[PDB]
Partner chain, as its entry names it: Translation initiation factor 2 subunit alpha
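So this first bit is one chain, no partners, the form solved without its partner chain, shown in structure tokens.
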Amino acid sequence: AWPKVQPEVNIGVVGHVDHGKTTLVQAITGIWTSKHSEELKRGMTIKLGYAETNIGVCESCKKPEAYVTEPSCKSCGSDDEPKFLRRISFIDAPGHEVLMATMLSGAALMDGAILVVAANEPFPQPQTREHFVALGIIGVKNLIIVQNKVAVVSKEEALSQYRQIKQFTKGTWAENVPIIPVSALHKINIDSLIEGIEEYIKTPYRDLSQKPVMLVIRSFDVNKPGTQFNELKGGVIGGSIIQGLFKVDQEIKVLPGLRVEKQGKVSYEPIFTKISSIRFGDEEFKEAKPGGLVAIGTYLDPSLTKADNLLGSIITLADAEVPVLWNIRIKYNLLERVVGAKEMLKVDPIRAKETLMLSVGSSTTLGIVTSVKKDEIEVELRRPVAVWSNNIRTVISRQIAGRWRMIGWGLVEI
């Protein structure tokens, strides 16, 4: 039988609005990632979506069909069990331009990515570009480009767009990135995509001796309403471990922590707690490593974790030394153009006292520029940010025409 293990790798799913990211994840995993009522109602991804699957291979059968997502080789005429390869998981990002920040958050959790390009829409759409560039900037470079919805266009049209994609990636880090055509909705050529995932998105090496750091994207109260107080379960915090590993019963802290109000005056203080449980999907474990989205059960009052209250926090061991900063210095570079805009726009240089949006790990924070130089800016933040290492990538956004747009990136210097 196949072992029950945590996912060992995170694959982002990005691309322009309605190009079929969520349906693609469903075609691969059998799971629809949209869990929130507002998402199902409006017909869009809003929060980061998540889904897991095992990946195996039928060793006597021919590829790519030999690749499977369940322990069966019957589809190639074998009664033998397929060889288990690994468990993988998907970080399903929203495509809407207004939700770019959320994509950025998700990108901090990705080991690799699939860029979904609809074959029946003109390439390259604004968020195709913005997500692509974001991936490059952040360093998520194990990329597969998927042409989705090919079953509604002729082979000729698909090939025309394929040529466009090669032209686009030529001269960039993605020049030799593979392009794989599928229909997510009708489940066509999915096997080729699985094969591509095995070939192009290897599980990266993990140095488990590093200090444990988890980036937080979820937090919730798992109690049913009208639950008896003496049966109230502790708050749960969800996210991905980007380095090291966590274990049940470890003393941990959430940084920057909780918002404290003292007569209108606002500060943040670390939340200290203890790991009471560890879960990936429907399975419980004793330890949690990079790869997958983990649910950390704690002894926290559920009111503290309710409704993603802790989104953008990090979790570390209680004794870790981590700067929590209300001002940061960033060694930066700007893009030439606002790639996410419908109409072409040049990026203006950073101006003093300008308000910018900074993406750091899973966090998104507004700040005011207090110093501008050619290679460096300094920023006074509205809320503090936890900086767990030197030279963490940040992505810089500017409000253009009422919309926050990515305009550059940098390294947080401590």
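Positions refer to the first chain, counted from 1.
There is another form of the same protein, the form solved in complex with its partner chain; it is not shown, and what comes next is about it.
S.K.: If we define contact as a non-hydrogen atom of the residue within 4.5 angstroms of the partner, is residue 234 a contact of its partner chain in the deposited complex?
M.R.: Heavy-atom contact with its partner chain at 4.5 Å: present for residue 234.
S.K.: My question is simply whether residue 74 lines the interface with its partner chain in the deposited complex - judged by any non-hydrogen atom within 4.5 Å.
M.R.: Result no; residue 74 lies far from its partner chain in the deposited complex.
S.K.: Any of the heavy atoms of residue 333 lying within 4.5 Å of its partner chain in the deposited complex?
M.R.: No, residue 333 is distant from the partner.
S.K.: Looking in the deposited complex, any heavy atom of residue 301 within 4.5 Å of its partner chain?
M.R.: Yes, contact at 4.5 Å.
S.K.: May I ask whether 206, 210 and 394 each come within 4.5 Å of its partner chain in the deposited complex, counting any non-hydrogen atom?
M.R.: Contact check failed for every one of 206, 210 and 394.
S.K.: Considering non-hydrogen atoms and a 4.5 Å limit, which listed residue (342, 265, 224, 141) is close to its partner chain in the deposited complex?
M.R.: Selected option: 224.
S.K.: Picking from 130-138, 267-275, 82-90, 241-249, which part of the chain touches its partner chain in the deposited complex when contact means heavy atoms within 4.5 Å?
M.R.: Heavy-atom contact with the partner occurs in 267-275.
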